[PDB]
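Chemist: Here's a structure for you.
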Amino acid sequence: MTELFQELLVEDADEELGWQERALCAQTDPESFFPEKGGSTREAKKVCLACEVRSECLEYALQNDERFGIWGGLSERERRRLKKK
DNA sequence: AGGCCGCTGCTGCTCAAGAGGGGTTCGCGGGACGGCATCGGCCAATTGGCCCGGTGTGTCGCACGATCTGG
Ligand code: SF4
């Protein structure tokens, strides 16, 4: 349908700062990614599943070692066990 | 001979080598002190699963059956 022939051939920016700009969650409620009280961690996991820079997000999160929120489709203890493994 | 009334020339301002003695800085270190930063547990708390148990209302999968248009 309205796919623009996979981004088409009309582009003038020819400039990218980094993989932040390709983040899908930026098009989405930030609050849902930090479940307070008990919360849930599956809808935002589904959102991350379709992210095109999931690997980069996971790598950056692990390298900087944030212990809050859900990054790369994984929550805190998945990151912790991956770090410990 | 002094005072004074003019002339007349001149000048000036402006537009284009050690040596000693003493208080102070800072500069390294140098370590001591106190403090805040990091890591096993840990249980019973909101959301959200995950279902029983009743019908109904309303979509969908297909049976009998009538009307109508084309073949
Ligand atoms: S993987 Fe990272 S960048 Fe992608 S949507 Fe999830 S949190 Fe955002």
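If you're wondering about the labels, chains in the structure tokens are A, B, ... by order shown, residues count from 1 in each chain, ligands from 1 in order shown.
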Give me the residues within 9 Å of range 16-30 of chain A as a list in words, counting only C-alpha atoms (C1' of nucleotides) and dropping any in the same chain fewer than 6 places off.

Modeler: residues 44, 47, 48, 50, 51, 52, 53, 54, 56 and 57 of chain A

Chemist: Grab the residues selected above and save them as an mmCIF file, in the first residue's frame with N, CA, C and O atoms.

Modeler:
data_model
loop_
_atom_site.group_PDB
_atom_site.id
_atom_site.type_symbol
_atom_site.label_atom_id
_atom_site.label_comp_id
_atom_site.auth_asym_id
_atom_site.auth_seq_id
_atom_site.Cartn_x
_atom_site.Cartn_y
_atom_site.Cartn_z
ATOM 1 N N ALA A 44 5.161 -3.489 26.035
ATOM 2 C CA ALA A 44 6.359 -2.805 25.574
ATOM 3 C C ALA A 44 7.395 -3.789 25.047
ATOM 4 O O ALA A 44 8.184 -3.439 24.165
ATOM 5 N N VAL A 47 6.370 -4.161 21.595
ATOM 6 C CA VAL A 47 6.772 -2.973 20.843
ATOM 7 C C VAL A 47 8.250 -3.055 20.476
ATOM 8 O O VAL A 47 8.643 -2.776 19.339
ATOM 9 N N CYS A 48 9.091 -3.440 21.438
ATOM 10 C CA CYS A 48 10.520 -3.567 21.169
ATOM 11 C C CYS A 48 10.805 -4.672 20.161
ATOM 12 O O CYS A 48 11.774 -4.578 19.400
ATOM 13 N N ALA A 50 9.541 -5.314 17.434
ATOM 14 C CA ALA A 50 9.539 -4.777 16.082
ATOM 15 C C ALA A 50 10.550 -3.653 15.884
ATOM 16 O O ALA A 50 10.635 -3.107 14.780
ATOM 17 N N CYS A 51 11.312 -3.295 16.914
ATOM 18 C CA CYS A 51 12.320 -2.257 16.764
ATOM 19 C C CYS A 51 13.409 -2.712 15.802
ATOM 20 O O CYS A 51 13.830 -3.872 15.818
ATOM 21 N N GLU A 52 13.866 -1.790 14.959
ATOM 22 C CA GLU A 52 14.889 -2.098 13.970
ATOM 23 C C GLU A 52 16.306 -1.941 14.506
ATOM 24 O O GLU A 52 17.254 -2.345 13.824
ATOM 25 N N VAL A 53 16.472 -1.370 15.698
ATOM 26 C CA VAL A 53 17.788 -1.179 16.294
ATOM 27 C C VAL A 53 17.817 -1.847 17.663
ATOM 28 O O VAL A 53 18.494 -1.376 18.583
ATOM 29 N N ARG A 54 17.077 -2.948 17.805
ATOM 30 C CA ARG A 54 17.008 -3.634 19.090
ATOM 31 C C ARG A 54 18.391 -4.067 19.561
ATOM 32 O O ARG A 54 18.730 -3.912 20.740
ATOM 33 N N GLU A 56 21.369 -2.791 18.832
ATOM 34 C CA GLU A 56 22.161 -1.642 19.254
ATOM 35 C C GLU A 56 21.690 -1.117 20.603
ATOM 36 O O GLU A 56 22.507 -0.760 21.460
ATOM 37 N N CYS A 57 20.373 -1.054 20.805
ATOM 38 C CA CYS A 57 19.843 -0.599 22.086
ATOM 39 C C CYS A 57 20.303 -1.513 23.212
ATOM 40 O O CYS A 57 20.751 -1.047 24.266
#

Chemist: Please report as an MDAnalysis selection string which residues of chain A come no farther than 7 Å from chain B, using only C-alpha atoms (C1' of nucleotides).

Modeler: chainID A and resid 37:40

Chemist: Between CA of residue 14 in chain A and atom 7 (S, counted along the ligand's line) of ligand 1, what is the distance, to one decimal in Å?

Modeler: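 Result for CA of residue 14 in chain A versus atom 7 (S, counted along the ligand's line) of ligand 1: 24.9 Å, one decimal.
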
Chemist: Any chance you could list, as number ranges by chain, the residues in range 2-72 of chain A that come up helix (DSSP H, G or I) when DSSP is run on the backbone?

Modeler: A: 4-7, 25-27, 30-33, 43-49, 54-64

Chemist: Restricting the calculation to only C-alpha atoms and all ligand atoms, which member of A:71, A:5, A:60, A:33 is positioned closest to ligand 1?

Modeler: A:71

Chemist: List the neighbours of residue 36 in chain A out to 12 Å using only C-alpha atoms (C1' of nucleotides); skip same-chain residues closer than 5 positions along the sequence, and give me the result as a VMD selection string.

Modeler: (chain A and resid 31 41 68 to 70) or (chain B and resid 46 to 47)

Chemist: Of the candidates A:59, A:65, A:3, A:15, which shows the shortest atom-to-atom distance to ligand 1, using only C-alpha atoms and all ligand atoms?

Modeler: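 Checking each of A:59, A:65, A:3, A:15 against ligand 1, counting only C-alpha atoms and all ligand atoms, the winner is A:59.
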
Chemist: Quick one, how far is CA of residue 67 in chain A from CA of residue 42 in chain A?

Modeler: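 One can read the CA of residue 67 in chain A to CA of residue 42 in chain A distance as 18.0 Å.
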
Chemist: Grab the CA of residue 83 in chain A to atom 2 (Fe, counted along the ligand's line) of ligand 1 distance for me, in Å with one decimal place.

Modeler: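 Result for CA of residue 83 in chain A versus atom 2 (Fe, counted along the ligand's line) of ligand 1: 17.4 Å, one decimal.
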
Chemist: Write out as a list in words the residues lying within 9 Å of residue 58 in chain A, counting only C-alpha atoms (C1' of nucleotides) and excluding same-chain residues fewer than 5 positions away.

Modeler: residues 53, 63, 71, 72, 73, 74 and 79 of chain A

Chemist: Give me a file of those residues, with N, CA and C atoms, as a compact mmCIF listing (two decimals), in the first residue's frame.

Modeler:
# COMPACT_ATOMS: atom_id res chain seq x y z
N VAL A 53 16.47 -1.37 15.70
CA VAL A 53 17.79 -1.18 16.29
C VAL A 53 17.82 -1.85 17.66
N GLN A 63 26.44 -1.94 27.94
CA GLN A 63 27.73 -1.28 28.12
C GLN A 63 27.64 -0.19 29.18
N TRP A 71 15.05 -2.51 28.11
CA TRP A 71 15.86 -2.14 26.95
C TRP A 71 16.08 -3.37 26.08
N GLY A 72 16.10 -3.15 24.77
CA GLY A 72 16.33 -4.24 23.85
C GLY A 72 15.34 -5.37 23.97
N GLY A 73 14.12 -5.07 24.42
CA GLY A 73 13.13 -6.11 24.62
C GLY A 73 13.34 -6.95 25.85
N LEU A 74 14.24 -6.55 26.75
CA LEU A 74 14.54 -7.31 27.96
C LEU A 74 14.44 -6.40 29.17
N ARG A 79 18.75 -8.79 31.77
CA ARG A 79 20.05 -8.14 31.58
C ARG A 79 21.04 -8.60 32.63

Chemist: So which one's closest to ligand 1, A:1, A:10, A:55, A:32? Using only C-alpha atoms and all ligand atoms, please.

Modeler: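 Counting only C-alpha atoms and all ligand atoms, the residue closest to ligand 1 is A:55.
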
Chemist: Smallest atom-to-atom distance to ligand 1: which of A:49, A:81, A:9, A:43, using only C-alpha atoms and all ligand atoms?

Modeler: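 Selected residue with least distance to ligand 1: A:49.
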